[PDB]
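Asker: Encoded as structure tokens, here's the structure I'll be asking about.
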Amino acid sequence: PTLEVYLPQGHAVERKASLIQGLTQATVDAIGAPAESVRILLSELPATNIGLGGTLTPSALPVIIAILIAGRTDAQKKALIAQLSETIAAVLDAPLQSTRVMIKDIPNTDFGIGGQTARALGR
Amino acid sequence: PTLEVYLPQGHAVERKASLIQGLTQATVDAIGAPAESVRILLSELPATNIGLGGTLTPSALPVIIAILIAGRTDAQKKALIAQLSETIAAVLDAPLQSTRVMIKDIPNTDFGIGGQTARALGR
Amino acid sequence: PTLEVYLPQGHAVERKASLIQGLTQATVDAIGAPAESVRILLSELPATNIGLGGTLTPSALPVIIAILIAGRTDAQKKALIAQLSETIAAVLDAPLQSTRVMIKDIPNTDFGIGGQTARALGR
């Protein structure tokens with residue numbers, strides 16, 4: 001899994017480490033991917049760059065994009081959305097209703113692992 | 001400028017074409033990029049893939065990620081957020097208050113046009 | 001390294017496999033990343049969803065987003081832009097000038113692998 005988390009600037013190094021740990025645990029629990037396969041990028045944006053309702057505010061965030069190889073069930077995706085959202089709301093003290101999760105499914109012919117396709121490798 | 005737009009499935013083809021036209025016009029107006037440099041990429045998400053507050057709902061959308069070569073002024077970015085937000089709200093009949101726009105600046109050493117860096121091309 | 005490649009629909013399965021092989025090789029060559037560390041996410045978009053200059057056309061693509069842990073030099077990033085762009089142009093028979101690359105350097109405190117930060121892991 002590849003998760004991108006859009007965040008304002010200013011969260012401490014320890015909070016970012018705790019968020020990476022917790023979002024990885026939530027991904028393993030929800031969809032069962034091996035922990036080693038979970039990559040997370042936290043994308044901090046400056047205040048000048050973050051819009052909600054046409055005006056600048058950090059309250060537009062957090063937004064999480066989760067990119068998965070195709071084939072996860074509806075139930076797995078529902079669990080991923082719930083657990084990623086609960087985790088970021090707790091770790092960053094963000095209101096649950098301000099958290100967004102968007103999943104992209106990548107067909108196994110369209111996903112490369114080490115220069116070979118996921119379908120070539122049996123995924 | 002390269003805009004990734006996250007939207008639900010089911011908008012008519014002509015509404016998507018109107019969105020591509022309008023977001024291009026808004027980008028030209030707001031930051032003065034030539035229209036021929038504006039790429040609009042619409043990613044439609046199925047309802048199984050969209051979360052707000054940890055729950056499945058299309059109300060999480062729309063979200064626009066605007067990828068720019070670094071260097072726009074704060075005022076230009078503010079105008080881009082305002083005009084893109086107004087445009088997508090109008091074209092999709094979506095609430096302005098539900099619309100998020102995030103700008104990501106790419107340093108000119110990190111942006112490629114035709115295999116050359118934006119820096120080498122004087123941008 | 002994690003590459004997200006936006007593409008029109010219609011490229012054959014073998015061409016997508018060849019593209020995964022070639023972009024992985026370019027990444028090994030340009031920046032010294034072991035092949036097994038390179039993940040590629042091809043995101044196909046329908047023709048109704050892709051705009052350049054405000055109108056629909058596959059000429060808006062390909063766009064490659066290359067997510068790297070921060071640390072590569074400007075020289076290495078310039079090489080990566082050149083080689084990724086030449087590779088996708090050749091494999092997909094796309095004009096070189098239509099290729100776009102956006103490198104997203106992620107600070108090592110802000111990137112996670114297996115639940116640990118890149119900095120914790122020595123990256």
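By order in the structure tokens, chains are A, B, ...; within a chain, residues start at 1; ligands start at 1, following the order shown.
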Apply DSSP to the structure's backbone, then extract all residues of chain A labelled strand (DSSP E or B) and return them as an MDAnalysis selection string.

Answerer: chainID A and resid 2:8 39:45 50:52 55:56 63:69 100:106 111:113 116:117

Asker: Quick one: write out the picked residues with N, CA and C atoms as a short mmCIF file (atom, residue, chain, number, x, y, z; two decimals), in the first residue's frame?

Answerer:
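Once everything was written out, this is selection.cif:
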```cif
data_model
loop_
_atom_site.label_atom_id
_atom_site.label_comp_id
_atom_site.auth_asym_id
_atom_site.auth_seq_id
_atom_site.Cartn_x
_atom_site.Cartn_y
_atom_site.Cartn_z
N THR A 2 0.39 2.26 -0.65
CA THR A 2 1.07 3.54 -0.68
C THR A 2 0.10 4.58 -0.19
N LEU A 3 0.41 5.21 0.94
CA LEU A 3 -0.48 6.22 1.52
C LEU A 3 0.21 7.57 1.43
N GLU A 4 -0.51 8.58 0.93
CA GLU A 4 -0.03 9.95 0.95
C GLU A 4 -0.96 10.74 1.85
N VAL A 5 -0.40 11.44 2.84
CA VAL A 5 -1.17 12.18 3.83
C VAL A 5 -0.84 13.66 3.66
N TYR A 6 -1.81 14.45 3.22
CA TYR A 6 -1.61 15.89 3.13
C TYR A 6 -1.85 16.53 4.51
N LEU A 7 -0.86 17.29 4.97
CA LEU A 7 -0.85 17.84 6.33
C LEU A 7 -0.39 19.28 6.27
N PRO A 8 -0.81 20.10 7.23
CA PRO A 8 -0.15 21.40 7.41
C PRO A 8 1.26 21.17 7.95
N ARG A 39 4.12 1.83 2.43
CA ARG A 39 4.90 3.05 2.29
C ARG A 39 3.99 4.23 2.58
N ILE A 40 4.49 5.20 3.33
CA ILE A 40 3.74 6.40 3.69
C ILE A 40 4.56 7.63 3.34
N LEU A 41 3.96 8.56 2.61
CA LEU A 41 4.55 9.89 2.45
C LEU A 41 3.62 10.90 3.11
N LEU A 42 4.16 11.64 4.05
CA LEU A 42 3.48 12.79 4.60
C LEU A 42 3.90 13.99 3.76
N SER A 43 2.91 14.63 3.17
CA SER A 43 3.10 15.77 2.28
C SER A 43 2.67 17.04 3.02
N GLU A 44 3.63 17.70 3.66
CA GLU A 44 3.31 18.96 4.31
C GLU A 44 3.15 20.06 3.27
N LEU A 45 2.17 20.92 3.49
CA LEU A 45 1.95 22.05 2.60
C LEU A 45 2.00 23.33 3.42
N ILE A 50 -3.23 25.85 0.94
CA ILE A 50 -4.27 24.93 1.44
C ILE A 50 -5.62 25.63 1.45
N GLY A 51 -6.56 25.14 0.68
CA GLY A 51 -7.85 25.80 0.51
C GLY A 51 -9.03 24.93 0.90
N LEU A 52 -9.98 25.54 1.61
CA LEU A 52 -11.28 24.94 1.88
C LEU A 52 -12.32 26.00 1.56
N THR A 55 -11.12 29.54 0.40
CA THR A 55 -10.27 30.38 1.25
C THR A 55 -9.17 29.55 1.91
N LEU A 56 -8.12 30.21 2.35
CA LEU A 56 -6.96 29.53 2.91
C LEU A 56 -7.24 29.11 4.34
N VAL A 63 -6.08 15.02 4.38
CA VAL A 63 -6.58 14.21 3.28
C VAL A 63 -5.59 13.08 3.08
N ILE A 64 -6.09 11.85 3.02
CA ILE A 64 -5.25 10.66 2.80
C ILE A 64 -5.63 10.05 1.46
N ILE A 65 -4.64 9.82 0.61
CA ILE A 65 -4.80 9.05 -0.62
C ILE A 65 -4.16 7.70 -0.39
N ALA A 66 -4.92 6.63 -0.57
CA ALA A 66 -4.41 5.27 -0.37
C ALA A 66 -4.43 4.56 -1.70
N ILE A 67 -3.26 4.17 -2.20
CA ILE A 67 -3.14 3.50 -3.48
C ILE A 67 -2.88 2.01 -3.23
N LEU A 68 -3.80 1.17 -3.69
CA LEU A 68 -3.78 -0.26 -3.45
C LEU A 68 -3.75 -1.02 -4.76
N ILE A 69 -3.09 -2.18 -4.79
CA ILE A 69 -3.31 -3.10 -5.91
C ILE A 69 -4.78 -3.49 -5.91
N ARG A 100 -10.45 12.90 5.43
CA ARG A 100 -10.88 12.33 4.17
C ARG A 100 -9.92 11.23 3.76
N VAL A 101 -10.47 10.16 3.20
CA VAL A 101 -9.66 9.07 2.65
C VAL A 101 -10.16 8.78 1.24
N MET A 102 -9.23 8.71 0.28
CA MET A 102 -9.59 8.41 -1.10
C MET A 102 -8.72 7.24 -1.53
N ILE A 103 -9.36 6.15 -1.95
CA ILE A 103 -8.66 4.94 -2.40
C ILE A 103 -8.60 4.90 -3.92
N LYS A 104 -7.40 4.61 -4.45
CA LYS A 104 -7.18 4.30 -5.86
C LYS A 104 -6.78 2.84 -5.97
N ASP A 105 -7.45 2.12 -6.84
CA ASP A 105 -7.14 0.73 -7.16
C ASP A 105 -6.31 0.67 -8.43
N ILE A 106 -5.22 -0.09 -8.38
CA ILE A 106 -4.31 -0.22 -9.52
C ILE A 106 -4.39 -1.66 -10.03
N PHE A 111 0.81 -2.39 -12.11
CA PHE A 111 1.52 -2.18 -10.86
C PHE A 111 2.86 -2.87 -11.00
N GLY A 112 3.94 -2.14 -10.75
CA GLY A 112 5.29 -2.67 -10.89
C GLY A 112 5.95 -2.86 -9.53
N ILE A 113 6.53 -4.04 -9.35
CA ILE A 113 7.25 -4.38 -8.14
C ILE A 113 8.63 -4.79 -8.62
N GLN A 116 8.97 -5.85 -12.35
CA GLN A 116 8.07 -6.84 -12.91
C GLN A 116 6.65 -6.49 -12.51
N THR A 117 5.67 -6.93 -13.30
CA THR A 117 4.29 -6.60 -12.96
C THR A 117 3.77 -7.46 -11.82
#
```

Asker: Would you mind aligning chain C to chain B, a least-squares fit over all C-alpha atoms taken in order, and returning the superposed chain as a short mmCIF file (atom, residue, chain, number, x, y, z; two decimals) with N, CA and C atoms, in the first residue's frame?

Answerer:
```cif
data_model
loop_
_atom_site.label_atom_id
_atom_site.label_comp_id
_atom_site.auth_asym_id
_atom_site.auth_seq_id
_atom_site.Cartn_x
_atom_site.Cartn_y
_atom_site.Cartn_z
N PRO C 1 0.84 23.85 -15.69
CA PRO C 1 0.15 23.39 -14.47
C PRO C 1 -0.50 22.03 -14.69
N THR C 2 -0.56 21.20 -13.64
CA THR C 2 -1.13 19.86 -13.78
C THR C 2 -2.09 19.70 -12.61
N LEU C 3 -3.36 19.51 -12.90
CA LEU C 3 -4.39 19.40 -11.86
C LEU C 3 -4.87 17.97 -11.82
N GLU C 4 -4.86 17.36 -10.63
CA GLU C 4 -5.49 16.06 -10.44
C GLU C 4 -6.74 16.30 -9.61
N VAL C 5 -7.89 15.87 -10.11
CA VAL C 5 -9.17 16.17 -9.48
C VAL C 5 -9.82 14.84 -9.13
N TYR C 6 -10.00 14.58 -7.85
CA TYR C 6 -10.71 13.40 -7.39
C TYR C 6 -12.20 13.69 -7.33
N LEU C 7 -12.97 12.81 -7.96
CA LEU C 7 -14.41 12.98 -8.18
C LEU C 7 -15.10 11.65 -7.94
N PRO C 8 -16.36 11.66 -7.51
CA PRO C 8 -17.17 10.44 -7.55
C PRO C 8 -17.48 10.10 -9.00
N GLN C 9 -17.92 8.87 -9.21
CA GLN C 9 -18.41 8.48 -10.53
C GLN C 9 -19.78 9.11 -10.77
N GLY C 10 -20.16 9.19 -12.05
CA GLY C 10 -21.52 9.54 -12.38
C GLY C 10 -21.71 10.90 -13.02
N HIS C 11 -20.71 11.77 -13.02
CA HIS C 11 -20.88 13.06 -13.68
C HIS C 11 -20.87 12.83 -15.19
N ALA C 12 -21.77 13.50 -15.89
CA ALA C 12 -21.88 13.27 -17.32
C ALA C 12 -20.60 13.68 -18.05
N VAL C 13 -20.39 13.05 -19.21
CA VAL C 13 -19.27 13.41 -20.08
C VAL C 13 -19.25 14.91 -20.36
N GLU C 14 -20.43 15.51 -20.63
CA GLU C 14 -20.39 16.95 -20.91
C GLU C 14 -20.00 17.77 -19.69
N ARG C 15 -20.36 17.31 -18.48
CA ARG C 15 -20.00 18.06 -17.28
C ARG C 15 -18.50 17.96 -17.03
N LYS C 16 -17.91 16.80 -17.30
CA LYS C 16 -16.47 16.65 -17.17
C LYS C 16 -15.75 17.49 -18.21
N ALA C 17 -16.27 17.53 -19.43
CA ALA C 17 -15.68 18.43 -20.43
C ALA C 17 -15.79 19.89 -20.00
N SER C 18 -16.95 20.29 -19.48
CA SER C 18 -17.13 21.66 -19.00
C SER C 18 -16.19 21.95 -17.84
N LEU C 19 -16.01 20.97 -16.96
CA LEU C 19 -15.10 21.15 -15.84
C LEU C 19 -13.66 21.35 -16.32
N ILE C 20 -13.24 20.56 -17.31
CA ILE C 20 -11.91 20.72 -17.89
C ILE C 20 -11.75 22.13 -18.49
N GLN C 21 -12.76 22.61 -19.21
CA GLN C 21 -12.71 23.96 -19.76
C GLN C 21 -12.62 25.00 -18.65
N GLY C 22 -13.50 24.90 -17.66
CA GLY C 22 -13.54 25.91 -16.62
C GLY C 22 -12.32 25.92 -15.71
N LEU C 23 -11.83 24.75 -15.30
CA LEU C 23 -10.63 24.77 -14.45
C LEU C 23 -9.41 25.26 -15.21
N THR C 24 -9.34 24.98 -16.52
CA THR C 24 -8.25 25.56 -17.32
C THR C 24 -8.35 27.08 -17.35
N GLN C 25 -9.56 27.61 -17.56
CA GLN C 25 -9.74 29.06 -17.57
C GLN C 25 -9.37 29.68 -16.24
N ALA C 26 -9.78 29.05 -15.14
CA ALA C 26 -9.44 29.59 -13.83
C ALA C 26 -7.94 29.65 -13.64
N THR C 27 -7.22 28.64 -14.17
CA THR C 27 -5.78 28.60 -14.01
C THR C 27 -5.12 29.70 -14.83
N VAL C 28 -5.58 29.88 -16.08
CA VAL C 28 -5.10 31.01 -16.89
C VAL C 28 -5.31 32.32 -16.15
N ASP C 29 -6.52 32.51 -15.65
CA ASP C 29 -6.89 33.77 -15.00
C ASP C 29 -6.09 34.01 -13.73
N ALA C 30 -5.96 33.00 -12.89
CA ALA C 30 -5.39 33.22 -11.57
C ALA C 30 -3.87 33.33 -11.60
N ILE C 31 -3.19 32.57 -12.47
CA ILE C 31 -1.74 32.46 -12.38
C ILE C 31 -1.03 32.75 -13.68
N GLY C 32 -1.74 33.09 -14.75
CA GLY C 32 -1.03 33.54 -15.93
C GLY C 32 -0.40 32.43 -16.72
N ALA C 33 -0.90 31.19 -16.57
CA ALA C 33 -0.35 30.10 -17.37
C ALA C 33 -1.10 30.03 -18.69
N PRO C 34 -0.42 29.95 -19.84
CA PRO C 34 -1.14 29.73 -21.10
C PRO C 34 -2.00 28.47 -21.05
N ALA C 35 -3.18 28.54 -21.68
CA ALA C 35 -4.14 27.44 -21.56
C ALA C 35 -3.53 26.13 -22.01
N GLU C 36 -2.73 26.16 -23.08
CA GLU C 36 -2.20 24.93 -23.64
C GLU C 36 -1.28 24.20 -22.66
N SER C 37 -0.75 24.90 -21.65
CA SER C 37 0.13 24.28 -20.66
C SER C 37 -0.63 23.59 -19.53
N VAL C 38 -1.94 23.70 -19.46
CA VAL C 38 -2.69 23.18 -18.33
C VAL C 38 -3.16 21.78 -18.69
N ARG C 39 -2.72 20.80 -17.90
CA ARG C 39 -3.12 19.41 -18.04
C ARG C 39 -4.04 19.09 -16.87
N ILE C 40 -5.16 18.41 -17.14
CA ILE C 40 -6.11 18.04 -16.10
C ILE C 40 -6.32 16.53 -16.10
N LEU C 41 -6.21 15.93 -14.93
CA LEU C 41 -6.38 14.49 -14.73
C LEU C 41 -7.56 14.29 -13.79
N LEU C 42 -8.73 13.96 -14.29
CA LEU C 42 -9.85 13.66 -13.41
C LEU C 42 -9.74 12.20 -13.00
N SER C 43 -9.72 11.95 -11.71
CA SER C 43 -9.65 10.59 -11.15
C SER C 43 -10.97 10.26 -10.47
N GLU C 44 -11.83 9.51 -11.16
CA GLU C 44 -13.10 9.08 -10.57
C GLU C 44 -12.85 7.90 -9.63
N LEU C 45 -13.55 7.91 -8.50
CA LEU C 45 -13.45 6.81 -7.54
C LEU C 45 -14.83 6.22 -7.32
N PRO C 46 -14.95 4.89 -7.22
CA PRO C 46 -16.25 4.28 -6.90
C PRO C 46 -16.71 4.66 -5.50
N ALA C 47 -18.03 4.57 -5.31
CA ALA C 47 -18.64 5.02 -4.06
C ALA C 47 -18.15 4.23 -2.85
N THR C 48 -17.74 2.97 -3.04
CA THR C 48 -17.22 2.10 -1.99
C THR C 48 -15.85 2.53 -1.52
N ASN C 49 -15.25 3.53 -2.16
CA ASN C 49 -13.84 3.87 -2.01
C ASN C 49 -13.63 5.27 -1.45
N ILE C 50 -14.69 5.98 -1.07
CA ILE C 50 -14.60 7.39 -0.73
C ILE C 50 -15.19 7.59 0.67
N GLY C 51 -14.38 8.07 1.59
CA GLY C 51 -14.82 8.29 2.96
C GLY C 51 -14.62 9.71 3.45
N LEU C 52 -15.56 10.19 4.27
CA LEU C 52 -15.42 11.43 5.02
C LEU C 52 -15.90 11.13 6.43
N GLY C 53 -15.11 11.47 7.44
CA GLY C 53 -15.54 11.16 8.79
C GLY C 53 -15.64 9.69 9.07
N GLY C 54 -15.01 8.85 8.28
CA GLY C 54 -15.00 7.43 8.53
C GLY C 54 -16.11 6.66 7.86
N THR C 55 -17.01 7.34 7.17
CA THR C 55 -18.11 6.66 6.51
C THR C 55 -18.12 7.02 5.03
N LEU C 56 -18.78 6.18 4.24
CA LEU C 56 -18.82 6.38 2.79
C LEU C 56 -19.72 7.54 2.42
N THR C 57 -19.20 8.45 1.58
CA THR C 57 -20.04 9.52 1.05
C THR C 57 -19.29 10.27 -0.04
N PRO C 58 -19.97 10.63 -1.14
CA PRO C 58 -19.31 11.49 -2.14
C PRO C 58 -19.00 12.88 -1.63
N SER C 59 -19.52 13.27 -0.47
CA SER C 59 -19.23 14.58 0.12
C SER C 59 -17.77 14.73 0.54
N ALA C 60 -17.00 13.65 0.51
CA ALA C 60 -15.55 13.78 0.69
C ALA C 60 -14.88 14.52 -0.45
N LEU C 61 -15.59 14.73 -1.55
CA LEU C 61 -15.00 15.23 -2.78
C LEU C 61 -15.81 16.45 -3.19
N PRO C 62 -15.28 17.29 -4.08
CA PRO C 62 -14.04 17.17 -4.85
C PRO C 62 -12.80 17.70 -4.15
N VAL C 63 -11.69 17.05 -4.46
CA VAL C 63 -10.37 17.45 -4.03
C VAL C 63 -9.57 17.72 -5.29
N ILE C 64 -8.93 18.89 -5.36
CA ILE C 64 -8.07 19.28 -6.48
C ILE C 64 -6.64 19.41 -5.98
N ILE C 65 -5.73 18.63 -6.56
CA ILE C 65 -4.29 18.79 -6.34
C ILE C 65 -3.76 19.58 -7.52
N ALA C 66 -3.12 20.69 -7.27
CA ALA C 66 -2.61 21.56 -8.32
C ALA C 66 -1.10 21.58 -8.24
N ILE C 67 -0.46 20.93 -9.20
CA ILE C 67 0.99 20.87 -9.28
C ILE C 67 1.51 22.01 -10.12
N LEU C 68 2.31 22.87 -9.48
CA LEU C 68 2.90 24.04 -10.13
C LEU C 68 4.41 24.02 -10.00
N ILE C 69 5.10 24.53 -11.02
CA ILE C 69 6.50 24.86 -10.81
C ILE C 69 6.56 26.00 -9.82
N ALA C 70 7.45 25.91 -8.84
CA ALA C 70 7.55 26.95 -7.82
C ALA C 70 7.78 28.31 -8.46
N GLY C 71 7.25 29.35 -7.81
CA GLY C 71 7.52 30.69 -8.26
C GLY C 71 6.32 31.59 -8.14
N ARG C 72 5.11 31.03 -8.22
CA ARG C 72 3.92 31.85 -8.03
C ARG C 72 3.87 32.38 -6.60
N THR C 73 3.36 33.61 -6.44
CA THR C 73 3.36 34.23 -5.12
C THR C 73 2.17 33.74 -4.30
N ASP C 74 2.21 34.03 -3.01
CA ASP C 74 1.08 33.68 -2.16
C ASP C 74 -0.21 34.30 -2.69
N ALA C 75 -0.13 35.54 -3.18
CA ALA C 75 -1.31 36.19 -3.73
C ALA C 75 -1.88 35.42 -4.91
N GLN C 76 -1.02 34.98 -5.85
CA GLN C 76 -1.50 34.23 -7.00
C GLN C 76 -2.09 32.88 -6.59
N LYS C 77 -1.49 32.24 -5.59
CA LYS C 77 -1.99 30.95 -5.12
C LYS C 77 -3.33 31.10 -4.40
N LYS C 78 -3.50 32.18 -3.64
CA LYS C 78 -4.80 32.48 -3.03
C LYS C 78 -5.88 32.65 -4.10
N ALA C 79 -5.58 33.38 -5.18
CA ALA C 79 -6.52 33.54 -6.28
C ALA C 79 -6.84 32.20 -6.94
N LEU C 80 -5.81 31.37 -7.17
CA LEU C 80 -6.03 30.07 -7.80
C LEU C 80 -6.95 29.20 -6.95
N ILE C 81 -6.71 29.19 -5.64
CA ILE C 81 -7.58 28.43 -4.75
C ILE C 81 -9.02 28.91 -4.84
N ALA C 82 -9.23 30.24 -4.83
CA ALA C 82 -10.59 30.75 -4.90
C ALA C 82 -11.27 30.38 -6.21
N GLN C 83 -10.57 30.58 -7.33
CA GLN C 83 -11.21 30.43 -8.62
C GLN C 83 -11.41 28.96 -8.98
N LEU C 84 -10.42 28.09 -8.68
CA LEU C 84 -10.64 26.67 -8.90
C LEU C 84 -11.82 26.18 -8.08
N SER C 85 -11.91 26.63 -6.82
CA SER C 85 -12.98 26.14 -5.94
C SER C 85 -14.34 26.65 -6.40
N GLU C 86 -14.45 27.93 -6.74
CA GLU C 86 -15.73 28.43 -7.25
C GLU C 86 -16.13 27.73 -8.54
N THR C 87 -15.15 27.48 -9.42
CA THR C 87 -15.44 26.84 -10.69
C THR C 87 -15.97 25.43 -10.51
N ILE C 88 -15.29 24.60 -9.69
CA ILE C 88 -15.74 23.22 -9.55
C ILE C 88 -17.08 23.18 -8.82
N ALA C 89 -17.27 24.06 -7.84
CA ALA C 89 -18.56 24.12 -7.16
C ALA C 89 -19.67 24.42 -8.15
N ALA C 90 -19.46 25.41 -9.03
CA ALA C 90 -20.49 25.77 -10.00
C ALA C 90 -20.71 24.67 -11.03
N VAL C 91 -19.63 24.17 -11.64
CA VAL C 91 -19.79 23.23 -12.74
C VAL C 91 -20.42 21.92 -12.28
N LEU C 92 -20.01 21.42 -11.11
CA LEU C 92 -20.47 20.13 -10.60
C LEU C 92 -21.62 20.24 -9.63
N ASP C 93 -22.07 21.46 -9.35
CA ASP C 93 -23.15 21.67 -8.40
C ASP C 93 -22.79 21.02 -7.06
N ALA C 94 -21.57 21.30 -6.59
CA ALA C 94 -21.07 20.86 -5.30
C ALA C 94 -21.05 22.06 -4.35
N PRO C 95 -21.34 21.88 -3.07
CA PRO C 95 -21.24 23.02 -2.14
C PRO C 95 -19.81 23.53 -2.09
N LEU C 96 -19.67 24.85 -2.10
CA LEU C 96 -18.34 25.45 -2.03
C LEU C 96 -17.56 24.95 -0.83
N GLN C 97 -18.21 24.80 0.33
CA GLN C 97 -17.44 24.38 1.50
C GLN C 97 -16.90 22.97 1.38
N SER C 98 -17.40 22.18 0.44
CA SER C 98 -16.88 20.82 0.29
C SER C 98 -15.62 20.77 -0.58
N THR C 99 -15.25 21.87 -1.23
CA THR C 99 -14.09 21.87 -2.11
C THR C 99 -12.79 21.96 -1.31
N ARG C 100 -11.79 21.19 -1.76
CA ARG C 100 -10.47 21.25 -1.18
C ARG C 100 -9.48 21.42 -2.32
N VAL C 101 -8.46 22.25 -2.10
CA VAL C 101 -7.39 22.46 -3.07
C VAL C 101 -6.08 22.28 -2.33
N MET C 102 -5.14 21.54 -2.92
CA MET C 102 -3.81 21.42 -2.36
C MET C 102 -2.82 21.76 -3.46
N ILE C 103 -2.16 22.89 -3.35
CA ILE C 103 -1.13 23.27 -4.31
C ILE C 103 0.18 22.62 -3.88
N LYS C 104 0.84 21.95 -4.82
CA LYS C 104 2.17 21.35 -4.64
C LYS C 104 3.13 22.15 -5.52
N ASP C 105 3.87 23.07 -4.90
CA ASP C 105 4.92 23.81 -5.59
C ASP C 105 6.11 22.87 -5.73
N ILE C 106 6.63 22.71 -6.94
CA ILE C 106 7.79 21.86 -7.19
C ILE C 106 8.95 22.76 -7.55
N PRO C 107 10.09 22.68 -6.86
CA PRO C 107 11.24 23.51 -7.24
C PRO C 107 11.62 23.28 -8.70
N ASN C 108 12.19 24.32 -9.33
CA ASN C 108 12.47 24.23 -10.76
C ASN C 108 13.61 23.28 -11.09
N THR C 109 14.41 22.89 -10.11
CA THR C 109 15.40 21.82 -10.27
C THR C 109 14.78 20.44 -10.20
N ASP C 110 13.51 20.38 -9.81
CA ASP C 110 12.88 19.13 -9.41
C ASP C 110 11.73 18.80 -10.35
N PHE C 111 11.52 19.60 -11.40
CA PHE C 111 10.42 19.42 -12.33
C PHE C 111 11.00 19.27 -13.73
N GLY C 112 10.45 18.34 -14.50
CA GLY C 112 10.93 18.04 -15.85
C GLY C 112 9.83 18.23 -16.87
N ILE C 113 10.21 18.79 -18.02
CA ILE C 113 9.32 18.83 -19.17
C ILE C 113 10.15 18.40 -20.37
N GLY C 114 9.71 17.36 -21.07
CA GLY C 114 10.45 16.92 -22.24
C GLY C 114 11.85 16.46 -21.95
N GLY C 115 12.14 16.07 -20.73
CA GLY C 115 13.44 15.56 -20.39
C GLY C 115 14.41 16.60 -19.89
N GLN C 116 13.98 17.87 -19.81
CA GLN C 116 14.83 18.94 -19.30
C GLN C 116 14.21 19.52 -18.05
N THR C 117 15.05 20.05 -17.17
CA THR C 117 14.50 20.60 -15.94
C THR C 117 13.84 21.94 -16.24
N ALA C 118 12.84 22.28 -15.42
CA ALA C 118 12.21 23.58 -15.54
C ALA C 118 13.25 24.70 -15.46
N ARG C 119 14.24 24.56 -14.57
CA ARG C 119 15.28 25.58 -14.50
C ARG C 119 16.06 25.67 -15.80
N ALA C 120 16.45 24.53 -16.39
CA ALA C 120 17.13 24.56 -17.69
C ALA C 120 16.29 25.29 -18.72
N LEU C 121 14.97 25.11 -18.65
CA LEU C 121 14.05 25.69 -19.63
C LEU C 121 13.69 27.14 -19.34
N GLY C 122 14.20 27.74 -18.28
CA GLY C 122 13.89 29.14 -18.05
C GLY C 122 12.69 29.36 -17.17
N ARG C 123 12.18 28.31 -16.55
CA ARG C 123 11.05 28.40 -15.64
C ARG C 123 11.53 28.26 -14.20
#
```

Asker: Write out as an MDAnalysis selection string the set of residues from chain B that DSSP, computed on the backbone, places in alpha helix (DSSP H).

Answerer: chainID B and resid 13:31 74:92
